[PDB]
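This document opens with one chain alone, in structure tokens, the form deposited in one PDB entry.
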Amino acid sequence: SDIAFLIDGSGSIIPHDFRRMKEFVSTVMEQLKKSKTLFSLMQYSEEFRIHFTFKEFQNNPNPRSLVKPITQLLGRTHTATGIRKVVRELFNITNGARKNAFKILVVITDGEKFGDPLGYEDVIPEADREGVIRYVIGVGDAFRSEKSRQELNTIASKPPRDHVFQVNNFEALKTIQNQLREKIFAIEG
């Protein structure tokens, strides 16, 4: 499995909630680390940060090591654009990504996609094509609406009830590790 992480570095996320976020991620990588599993991370906002590719991870496969040194981005939310860059570069052959393997994407966001030229319509359709499975963790009040949830039901793979986890706040992410974990195991064993 080519398991990649897309995390929201929006400056709407207070340093420690962002601290937490970061700890969540380390933990799941260690928790899902099979032998042939690869990992990659990028930090998206208004600027886009590749912290590491599959290709790298295999010559230093240590979640605590690589997760540790990340720096927040603060800008706004270009989720769609972020998606396009995952598919477009993370999941490319020269980046470690292996062709006969499962493509998995886990997104973590705290708001709605603000000020993005692209849309889900522009990026969604090409993610399916190469067949990327998408699981979305949405965090906070921003997601309590009868429309905010739509954006989340949308970045997800179908069915959405099994791909979406609407948590209450940074702390409260520890609460779904077993879930998010077992769902990603079941599709490899």
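For clarity, a rigid core is taken as the largest C-alpha set superposing within 1.5 Å between two forms. Just count from 1 along the sequence shown to find any residue number.
- Higher mean CA temperature factor between 148-156 and 29-37: 148-156, per the PDB entry.
- Taking the PDB entry as given, 136-144 carries the higher mean Cα B factor of the two stretches 123-131 and 136-144.
- Split the chain's modelled residues into thirds by C-alpha temperature factor. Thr77 is in the middle one.
- For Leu105, the recorded CA temperature factor ranks within the lowest third of the chain's modelled residues.
- Per the deposited record, the Cα B-factor of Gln43 falls in the lowest third when ranked against the other modelled residues of its chain.
- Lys113: CA B factor lies in the middle third for its chain, per the PDB record.
- Annotation for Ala186: C-alpha temperature factor in the highest third relative to the rest of the modelled chain, per the entry.
Just so you know, the form solved in complex with a small molecule exists too; it's not on screen, but the next bit is about it.
- In short, of 6-14, 20-28, 161-169, 175-183 it is 6-14 that has heavy atoms within 4.5 Å of the small molecule in the entry with it bound.
- Contact annotation for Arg76: at least one heavy atom lies within 4.5 Å of the small molecule in the entry with it bound.
- Put simply, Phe102 is far from the small molecule in the entry with it bound: not one heavy atom of it is within 4.5 Å.
- Residue showing a CA shift of 2 Å or more between the shown form and the other one (rigid core superposed; candidates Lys34, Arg129, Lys158, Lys68): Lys34.
- In the entry with it bound, the CA atoms of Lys34 and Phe102 move apart by 3 angstroms or more relative to this form.
- Distance between the C-alpha atoms of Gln177 and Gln58: shorter by at least 3 Å in the entry with it bound than in the displayed form.
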